[PDB]
């Protein structure tokens, strides 16, 4: 489906601030944005809610849906499966809202190959050390997956500099500043959606 406004793809390393920024955006502008609820096989963290943060499913269920053709894209990240189902995006488009997707770098490259035509925004930590500090001060991950996520962060941090890959790169040093720059990147779309 290509009806509705231009979608927004938000990416960046684990722990960079994607969820925090998107939660703020959906709170302030709940009438114009909607969140694509991805499927994942990873376990929920305290406070996460099925059908809101993710559809938390088993690998068997995820695989059956993949085999059925139910996903726009999927990827393996730090030992678990993640994916954007067709219905997750179509539900937001049906409501005439701007669909916001939170995906990894593989997901960005996957979505580039679709007809979705989004704006691509990368959210970056000030440094890898701040990232690790932020990730560990949450400690929702095993050491093994913290290692994998810190490695993927470096690999994907470099690609944020790839010309033409992202439309905007936002360094999340101060959350208030990053959130202003998020809305700046979307200001024309927000104005159109409001009028």
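Numbering follows the first chain given and starts at 1. If you superpose the two forms and keep the largest set of C-alpha atoms that fall within 1.5 Å, you have the rigid core.
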Inset, instruction - Please pick 46-54 or 148-156, whichever has its Cα atoms farther from the shown form in 6 other deposited structures of this protein after a rigid core fit. - result: 46-54
Inset, instruction - Quick one: core-superposed, which stretch strays further from the shown model in 6 other deposited structures of this protein, 77-85 or 108-116? Go by RMS C-alpha distance. - result: 77-85
Inset, instruction - Determine, for stretches 96-104 and 119-127, which one has the higher mean CA B-factor as deposited. - result: 119-127
Legend entry - Higher-B stretch (mean Cα B-factor, as the entry records it), 170-178 or 7-15: 170-178
Inset, instruction - In terms of CA temperature factor as recorded, identify the highest of 37, 26, 135, 66. - result: 135
Inset, instruction - Check the PDB entry and point out which of 70, 156, 60, 49 has the largest C-alpha temperature factor. - result: 156
Inset, instruction - Consider only the C-alpha atoms of the modelled residues in this chain, order them by B-factor as the entry records it, and name the third containing residue 81: lowest, middle or highest. - result: lowest
Inset, instruction - Would you check the entry's CA temperature factor for residue 89 and let me know if it's in the chain's lowest, middle or highest third? - result: lowest
Legend entry - For residue 111, the third of its chain into which the C-alpha B factor falls: middle
